[PDB]
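The data below hold one chain only, encoded as structure tokens and taken in the form deposited without the named molecule.
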């Protein structure tokens, strides 16, 4: 994954600087597993997840099943985190996800800005902001009717 033109040249921009940011960076590596059972370990009981163009999932049960539903149709082939920062229990990630659609085989580099809420080392909230139509039309896989 190439560094975008607008990427910060601060050598520490993409590096974790707190234990919370290190956990989020480990979560980004584990995203390539496409394994909701593995990823659910990072989540607290009182938590939520939402790919913002799609309906949110509240509670650990709904988060795992929502992630598992996405992984039946798409694979996260690579995650490249350009920027990671944090303030007040929220961690922010500006990144590219290489998403591959299983039915069509096409892949696409999706620009994503996400936020992670963490208490006691566990994710109590994860929201990824991006444009869904770009990914749908890129890989020929509609996720929103």
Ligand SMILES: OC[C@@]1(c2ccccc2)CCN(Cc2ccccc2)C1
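Positions refer to the first chain, counted from 1.
Sorting 110, 115, 63, 54 by the CA temperature factor given in the entry leaves 110 at the top. As recorded in the PDB entry, 134 shows the highest C-alpha B-factor of the residues 134, 128, 20, 10.
Among all modelled residues in its chain, residue 119 ranks in the highest third by Cα B-factor. Residue 48 sits in the lowest third of its chain by CA B factor, as recorded in the PDB entry. For residue 26, the recorded CA B-factor ranks within the middle third of the chain. Only modelled residues enter the ranking. The deposited CA B-factor of residue 35 belongs to the middle third of values across its chain. Sorting the modelled residues of the chain by their CA temperature factor places residue 81 in the middle third.
There is another form of the same protein, the form solved in complex with the named molecule; it is not shown, and what comes next is about it.
Heavy atoms of no residue among 22, 42 and 84 are located within 4.5 Å of the named molecule in the entry with it bound. 70 is the sole member of 62, 102, 90, 70 with a non-hydrogen atom within 4.5 Å of the named molecule in the entry with it bound.
Taking non-hydrogen atoms only, residue 51 approaches the named molecule to within 4.5 angstroms in the entry with it bound. Under a 4.5 angstroms non-hydrogen atom cutoff, the named molecule in the entry with it bound has residue 112 among its neighbouring residues. Contact between residue 143 and the named molecule in the entry with it bound is found at the 4.5 Å heavy atom cutoff. By the criterion of a heavy atom within 4.5 Å, residue 57 is excluded from the residues contacting the named molecule in the entry with it bound.
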